[PDB]
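>>> give me coordinates for this.
(chains A and B)
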Amino acid sequence: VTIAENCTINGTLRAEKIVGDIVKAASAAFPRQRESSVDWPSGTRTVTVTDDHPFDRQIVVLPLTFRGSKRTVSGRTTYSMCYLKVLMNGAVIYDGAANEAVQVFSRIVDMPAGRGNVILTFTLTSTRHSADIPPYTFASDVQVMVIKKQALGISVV
Amino acid sequence: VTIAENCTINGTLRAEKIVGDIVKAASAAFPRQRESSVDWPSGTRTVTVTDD
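Numbering: from 1, shown residues only, chains lettered A, B, ... in the order given. What follows is the structure:
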């Protein structure tokens, strides 16, 4: 069926695939490495978006908050840094580090139509205070949405 | 087309605008003003939502 203008269903629409201006969403938590009683985020999450749409799309990475720590023992101060590296199709697009203050990563990745699948890799690494004290870092979940760009519902200029 | 009851699609539904029980979204970044080797966010963004 090809409808050139408005189509109005007054009941229930049961569609398998929708290629409209709806939102797509995926989410995951970083793998946790643990010892004794404490764990920290350390690992990689790979998000694949297929180019199965006829219009360009925006992949929005929602605010991801990552933070390290500082510990002073016997007057000696040690840092536990949290490194977040974000790759688009194998090319580094973000490389951030947190020591004490929180760092927030939220980005827009322009995926066009027909260019191919877009792969976003989020690698997070935590460094220990010393050989005996494990890393003490925090990192929130990675959440990714796909939106339409230049849509008629919401516009942004 | 006007349908008074359920409509079922066994393939791909491709609509430009969808009006009902859906989650719309938009996003942008603030303009950045820069000098030498340092930039900072400073600017205006507008989000318009249509009453449709």
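>>> residues of chain A that sit close to chain B?
Residues of chain A lying near chain B by CB under 8 Å from any CB of the partner chain: A:1, A:3, A:7-23, A:54, A:58, A:60, A:108, A:145, A:147, A:151-157. All C-beta spots, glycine's among them, are computed from the backbone N, C-alpha and C.
>>> one more time with 7 Å, if that's ok
For chain A, the contact set with chain B under CB under 7 Å from any CB of the partner chain comprises A:3, A:7-23, A:58, A:60, A:108, A:145, A:147, A:152-157.
>>> please indicate which of the residues you listed are buried?
A:9, A:13, A:15, A:18-22, A:58, A:60, A:145, A:147, A:153-154, A:156 (16 or more other CB atoms under 10 Å in any protein chain shown).
>>> so which of those sit within strands?
Of those, the ones assigned to strands by DSSP state E are A:9, A:13, A:15, A:18, A:58, A:60, A:145, A:147, A:154, A:156.
>>> show the contacting residues for the third one.
Residues near residue A:15 by CB atoms under 7 Å, 6 or more residues apart in numbering or on different chains: B:9, B:13.
>>> 10 Å instead?
Residue A:15 makes contact with A:9, B:7-15 under the criterion CB atoms under 10 Å, 6 or more residues apart in numbering or on different chains.
>>> what of residue A:35?
Neighbouring residues of residue A:35 by CB under 10 Å, 6+ apart: A:128, A:134-135.
>>> could I get those as TSV with secondary structure and neighbour count?
Converted to TSV, the contacts of residue A:35 look like this (DSSP: H, G, I helix; E, B strand; the rest coil; neighbours: other CB atoms under 10 Å in any protein chain shown):
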residue	secondary structure	neighbour count
A:128	coil	17
A:134	coil	19
A:135	coil	22
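>>> alright, calling it a day.
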